[PDB]
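As a convention, Cβ positions derive from the backbone with ideal geometry for all residues, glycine included, and neighbour counts pool all protein chains shown. Bear in mind these aren't lab numbers, they're just calculated from the coordinates by the rules spelled out.
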Amino acid sequence: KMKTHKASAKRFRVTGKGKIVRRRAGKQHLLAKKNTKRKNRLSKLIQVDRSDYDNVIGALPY
Amino acid sequence: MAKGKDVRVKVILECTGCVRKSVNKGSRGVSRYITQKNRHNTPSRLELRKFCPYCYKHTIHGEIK
Amino acid sequence: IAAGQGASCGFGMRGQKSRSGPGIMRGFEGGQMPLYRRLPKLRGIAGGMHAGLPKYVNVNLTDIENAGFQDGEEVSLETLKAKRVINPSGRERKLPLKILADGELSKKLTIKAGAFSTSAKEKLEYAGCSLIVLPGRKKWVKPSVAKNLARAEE
Amino acid sequence: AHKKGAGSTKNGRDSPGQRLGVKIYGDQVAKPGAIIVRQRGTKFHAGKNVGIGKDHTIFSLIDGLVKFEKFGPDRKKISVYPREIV
RNA sequence: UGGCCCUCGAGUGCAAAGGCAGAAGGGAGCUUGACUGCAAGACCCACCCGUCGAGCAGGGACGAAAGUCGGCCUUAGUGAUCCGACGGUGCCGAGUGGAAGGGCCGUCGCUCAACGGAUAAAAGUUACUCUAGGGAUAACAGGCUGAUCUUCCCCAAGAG
RNA sequence: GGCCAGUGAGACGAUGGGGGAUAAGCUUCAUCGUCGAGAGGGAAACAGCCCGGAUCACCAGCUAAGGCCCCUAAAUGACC
RNA sequence: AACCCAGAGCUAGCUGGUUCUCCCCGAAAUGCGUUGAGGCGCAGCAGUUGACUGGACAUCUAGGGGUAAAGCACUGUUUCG
RNA sequence: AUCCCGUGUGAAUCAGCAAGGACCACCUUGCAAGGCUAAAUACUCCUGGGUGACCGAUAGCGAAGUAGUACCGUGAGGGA
RNA sequence: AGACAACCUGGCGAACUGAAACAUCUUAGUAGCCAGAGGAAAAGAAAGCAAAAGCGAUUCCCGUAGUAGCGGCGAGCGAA
């Protein structure tokens, strides 16, 4: 029963093992002109270290 | 346009395939998937290059006459 | 039991404030979590599926039809289930659907209310329905549904 | 905006420029050395563009990745102790 | 122009280091992978992020062929988030069937440089000053140090 | 890998280099050790130098550094 | 630009103080960013818990980067003849 | 969107109209422009009984003994 | 008229502070000022909601989600 961080929930999505699979960056419409075979290597990876504070935020939202 | 610190603009155009679509965008100020950049000032006009779009492979491409 | 709080007296004489000088008052989250950590958001922001989805998983894990009112001993799955039910009370979603899982299958069976997939067609064919993949050579038109399950109306 | 006036250069740098793995080792298909990026492909360690004498490794692992100018490019295949059973 | 000595001491788009004449040097014809979808195995960062990469799938160009090319010798030529324009995609679209909108694929707008960028948008004084702290941040001064300054001394052309 | 931290203006000596006159326990980096979060013995008195790095008692011995005329224990010991 | 009361026990990454006892181990004052550098976040360093012939000193074999030194054909300087 | 409005105007009116978080068609439901209506629900000066691992006159309400008096300020007010 | 203790309806209406800056926002439509009535007020049997299954006065309590949605979609607030 605590104010769950929304702007954070609309970003990350707890996979299953409690990992925070955060999509790549600079991918959203790119906005960085051409990237040549770069925008293709952009999918969804996992965060490390800092992830020990990004998951605690949305502890309730799971 | 005259180059310099005043009013510049990246001369970036597109190259849509003949009577086709995909691998290219069509709007007011948008660039294709390959994002081509012409010279404008330098003797150019009428660009085209056979590229491989979505539907089938290899076509014509090159919009803006 | 009591790590040593209750006050601050004892050994080493604690002084709180991390013994340096940050935020003596709790709540002062140094360095907001949003900025510097708010990477490009796209995967999350969506349109939100209309389906209420009161349960991440399907109706259950293949437990329909069982001695008792936990399934209505008629294989229907509506909202009168106890042992295994979509919700403690039931009736609050849309489409049922289910797959295989743990459990010694089911002696009696008469699957209904949609549902399909080999998961509940080849394993739950001992009674009620069975696995039937409508071929694509019979009709000249595109394949008719990926998997068609008999006895399940619509 | 862009600044101008009496002043010297600035800003430090770091490629970096080191060497991954070395002679006689299970050099996997990673990238040994690589003092400079854009290093072409090489199905072995290296051994060229330097004093007389070619280098060789005891074990290989399907292609690799070494510099284009120094150490390389690609020529003969080297792999002591044939990686085969029986 | 011709002959001889013709040896990174030339030429590489632009700074510089390294490298290069098996040439990316230079010229010409054909062309235009300045390819789509992926990609074992790794480098570089706290993280974000950045870089390289054989091979595979769907189609082409050059050469007889092997075979190369996923940009430009390499390293900079740049900048996320959010709000939005527009195309495609029957994904969704809260009575239904559509639609608006949203989602997804693709691209565009910000000397946002104080450029990991707090605003869409914001310059100064305060000898009227006030408050929270410290000499880890100055002024007088002690101390360390002390080129300069003061004093003395060495060799010594000369003035006398 | 997981739970709770603390700390980001440190100083000094030896050694290898930028700043200053290779002037400063001055300042800015790398490395080792100490202080800083460990006394004590010695340099008269000087935390950072040297030896050695303290569970405790003990009118118990032998040593390190540094010394051995007296003052605070210990050679005005031998030979040139 | 007040007096008194009330929200304001406001705010105060500022400063000061912070009250029993024993045992074991043991820090740092650095990097990357920050209108950020007497603030902190992540990482490095510390403690606890649960899995791993995982590591360290030394010898030998097996390479490269190339300081000191030296040299100084080349690049940038250099006196006598 | 809808509901309540300042201002300028202002249709239909029950084989008619509104609502269904743009709009439109269909379907369904409901039809306000005037008003009343117990109980469940809130709090307390004060009354009676009782309870409390609440405190005990530097405690607790400022006031458990004729103090929010005696005193301070013009006063509000502050306040043993 | 009680110069009315709280609760309740209505009119008007901040800042400090939070947003580690601050004019949006949030923080408070709280505090505070004023008017009226009851001991309950307010609201209340529904041009509702849902839906083509049906429920069906208002209010209150526990859930449904502190999800969805809204927002320099930042802080923060927060449905049905």
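Quick notes on this one:
- Which of C:13, B:1 has the fewest Cβ neighbours within 10 Å, and the rest in rising order: C:13, B:1
- Once both labels are positioned 7 Å from their Cα atoms along Cα-to-Cβ, the gap between residue D:79 and residue B:50 label points is 4.0 nm.
- Charge dipole of the protein assembly as shown about the Cα centre (unit charges at C-beta), most positive-ward option of C:111, C:35, C:10: C:35
- Counting charges near residue C:52 (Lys, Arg +1; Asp, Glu -1) among other residues having Cβ under 11 Å from its Cβ returns a value of +2.
- Electrostatic dipole magnitude of the stretch C:27-107 [Cβ: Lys, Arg +1; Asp, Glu -1; Cα centre; debye, to 20]: 640
- Prolate/oblate/rounded call for the protein assembly as shown, Cα gyration tensor, a/c under 1.5 rounded: prolate
- Excluding same-chain neighbours fewer than eight residues apart, the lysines reachable from residue A:10 by a Cα-Cα span under 17 Å are A:19, A:27, A:44, C:41.
- Contact order normalised by residue count of chain A, Cα under 8 Å, 6+ apart, percent: 44
- For residue B:39 and residue C:39, the FRET efficiency from 1/(1 + (r/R0)^6), where r spans their Cβ atoms and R0 equals 30 Å, is about 0.25.
- Entry for chain A at q = 0.19, 0.21 Å⁻¹: log10 I(q)/I(0) = -0.77, -0.86, Debye formula applied to identical alpha-carbon scatterers, no solvent contribution.
- Pairs with C-alpha atoms separated by more than 31 Å, drawn from the list B:57/C:121; C:112/C:138; A:1/C:55; B:50/C:142, are B:57/C:121; B:50/C:142.
- Which of C:102, D:74 has the fewest Cβ neighbours within 10 Å, and the rest in rising order: C:102, D:74
- Tail beyond 19 Å, pair distance distribution of chain D (Cα, percent): 46
- B:34, C:64, C:45, D:78 arranged by Cβ crowding within 10 Å, fewest neighbours leading: C:45, B:34, D:78, C:64
- Size of charge dipole - chain A - debye, nearest 20, with Cβ of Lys, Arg +1 and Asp, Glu -1, no other charges: 500
- Amide H contacts of residue B:36 (H built 1.01 Å from N, under 5 Å, at least 5 apart or other chain): B:13
- Dipole moment magnitude, nearest 20 debye, the protein assembly as shown about Cα centre, only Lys, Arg, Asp, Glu C-beta charged: 2680
- Shape category assigned to the stretch D:21-66 from the gyration tensor of Cα positions, a/c cut at 1.5: oblate
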